[PDB]
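Right, one structure below, let's go through it.
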2 protein chains.
Amino acid sequence: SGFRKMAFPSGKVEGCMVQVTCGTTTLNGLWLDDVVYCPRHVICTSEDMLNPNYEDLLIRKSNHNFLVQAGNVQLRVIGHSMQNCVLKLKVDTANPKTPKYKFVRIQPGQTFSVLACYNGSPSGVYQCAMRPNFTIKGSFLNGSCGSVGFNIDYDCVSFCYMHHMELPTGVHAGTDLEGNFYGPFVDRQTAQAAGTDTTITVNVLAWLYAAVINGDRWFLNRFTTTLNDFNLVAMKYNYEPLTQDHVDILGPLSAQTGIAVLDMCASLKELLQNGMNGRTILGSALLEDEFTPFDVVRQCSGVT
Amino acid sequence: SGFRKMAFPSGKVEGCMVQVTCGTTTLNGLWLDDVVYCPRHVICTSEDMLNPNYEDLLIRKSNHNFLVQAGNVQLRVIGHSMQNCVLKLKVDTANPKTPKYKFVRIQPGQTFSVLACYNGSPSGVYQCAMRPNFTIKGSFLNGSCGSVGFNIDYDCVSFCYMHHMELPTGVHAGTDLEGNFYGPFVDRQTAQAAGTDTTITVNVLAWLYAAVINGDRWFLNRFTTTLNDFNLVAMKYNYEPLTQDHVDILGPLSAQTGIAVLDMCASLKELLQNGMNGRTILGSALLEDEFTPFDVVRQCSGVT
Ligand SMILES: Cc1ccncc1NC(=O)Cc1cc(Cl)cc(-c2ccc(C)c(F)c2F)c1
Ligand SMILES: Cc1ccncc1NC(=O)Cc1cc(Cl)cc(-c2ccc(C)c(F)c2F)c1
């Protein structure tokens, strides 16, 4: 028992981290097979960042200008190309530590682990969710660009995020491994609005099921609700509308605990309307939304 | 910016995890050099657990009864011995993935990462603190015994915890890598009181400094306090008494922010006496105590 914000073991990803330097800029790269992936803003100087013409900036660069180092050894760059907001540096050596991997575009509300890196060296690992507004609330400092987000299913690492920037609001923005930003963001130092965010209702309900499994049950009540009534409350409290698809995803947890999804919705409705009254749930004094139903089942079942 | 409950990258430790089976019981072992370390309760049957005579139970076992498997390959056991509550199984092969390591006994209030494992396979990693009462609030299921806690300084892994049991209260107990329990616990299925726990004051203050560094400053006030006055409030709210040693450990964070430690104590005093009034600090609605001053400096400086 016990419930923690658990990240995937980072070993398979640590073996892929490299340092990429172009001119004066050093950031992280991800070495899979004979390709190193990194944010294209590595080719920018501070002056270029206000409105960079990435095509023109990349034309001034040659393979020998991209310094790629895997720990202590230098990699030889034999090709370079830009795909959306990422640079792909072809190297003459396949990474011997390349795990089985896939590139995936995660959906908002889904979670993943981040291996925060500086100078190609891993510093720490943490779990987070892709917010409904396509930002992440991470922990990144200058030099962390190119750090990646991922999930692991058995021996396969599905890479879903590469870190590009921190907006003035302190939130983080990045791309999939094909260089497409999540959300409306651009890799340019210009004002950028992140959309209105919402709380991930299905994840809060999953976390309430995790609380029941782990013995925190004080919030269970004698009430029930309907999807329509619950959604009126979700609207008022800026929660994502619950759909039948969400109810079905919560099916396994409902079966495990014997608590109907709509009965758990009535508990969540009362918590939204009354607050916690100074009490806690799984060590938290707020409603947690960065655990998916799959995360709860995985952590509560011991999937390796 | 941003502040997360960050764990160390687990790769160096993943390379040390093995499965240990004795009779009917399977748990995790830690393979360093030519020794595999694991909880001695692996030699128990369910009936033995009420009052096991570990010396007598171990006498009925031979080297060939300890089945040690590192992933897919079987290890050959050439010696066995019990040291306190751990078994040390000498194997004929040194682990080629043995990182630079040390065995350390951590102090209460200190933090470490846990690589939760099942059947010798890593499942996830999370950060936690050794509570003042020598328990940990982890996330462990049956089969997680032998999972380890650790810290990493550069290329050296300091192992500090090995998981042994979950008490009826849902808290976790374990040993250092010499098999000595943290706290008053015994590896026996018998009633065991964990002492009165307290909140780790120096860690809460460190986390308030982390909040200021990351822009959450609403709790800063026009007040100051003394160590004596603060400690009267700490007593009332079951917080550890703050000492001059704690003030000195907070020195680097005080210098970085320009906020005197006793001024931060007055902010903490007001938060203890008034609560948060429905507000949050670094995404939390409660006062967080599982970040040490060193953790805050490390995360805020990007140490790899
Ligand atoms: C410092 C740091 C901390 C954590 N994570 C990453 C970083 N580095 C960056 O954000 C670098 C970067 C790159 C790009 Cl392409 C755009 C911007 C940027 C975007 C919008 C605004 C308005 C602005 F001021 C900006 F500087 C900034
Ligand atoms: C199931 C689980 C979940 C998370 N982590 C670990 C485990 N496994 C265990 O705790 C196994 C174990 C071993 C030892 Cl030596 C003593 C006890 C034990 C101690 C005290 C009591 C009263 C009691 F009921 C007990 F079973 C229990």
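Here, residue 1 is simply the first one shown, and the rest follow in order.
Determined via X-ray crystallography, 1.5 Å.
A Cβ is built for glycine as well, from the same backbone N, Cα and C atoms used for every other residue.
Taking all protein chains in view, 22 other C-beta atoms sit within 10 angstroms of the C-beta of A:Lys5 (ubiquitin cross-link). What Swiss-Prot lists as ubiquitin cross-link is A:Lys5 (among others), and the listing cites experimental evidence.
DSSP gives A:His41 (active site, for 3CL-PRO activity) a helix state. Residues annotated as active site, for 3CL-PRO activity in Swiss-Prot, with sequence analysis given as evidence: A:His41.
The number of other CB atoms found within 10 A of the CB of A:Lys90 (ubiquitin cross-link), across every protein chain shown, is 15. According to its DSSP assignment, A:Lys90 (ubiquitin cross-link) is in a strand. The ubiquitin cross-link feature in Swiss-Prot is assigned to A:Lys90 (among others).
Take the CB of A:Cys145 (active site, nucleophile) and look out to 10 A: across all protein chains shown you find 26 other CB atoms. Annotated active site, nucleophile per Swiss-Prot: A:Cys145, in sequence order.
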Candidates A:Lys5, A:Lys90, A:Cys145 (recorded positions) - the one closest to A:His41 (active site, for 3CL-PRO activity) by CA: A:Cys145
Pairwise CA distance, A:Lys5 (ubiquitin cross-link) versus A:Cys145 (active site, nucleophile), rounded so that it is a whole Å: 23
Interface-proximal recorded positions, chain B, C-beta separation under 8 A, candidates A:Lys5, A:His41, A:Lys90, A:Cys145: A:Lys5
A:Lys90 (ubiquitin cross-link) versus A:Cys145 (active site, nucleophile) - Cα distance in angstrom: 19
A:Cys145 (active site, nucleophile) - helix vs strand vs coil (DSSP): coil
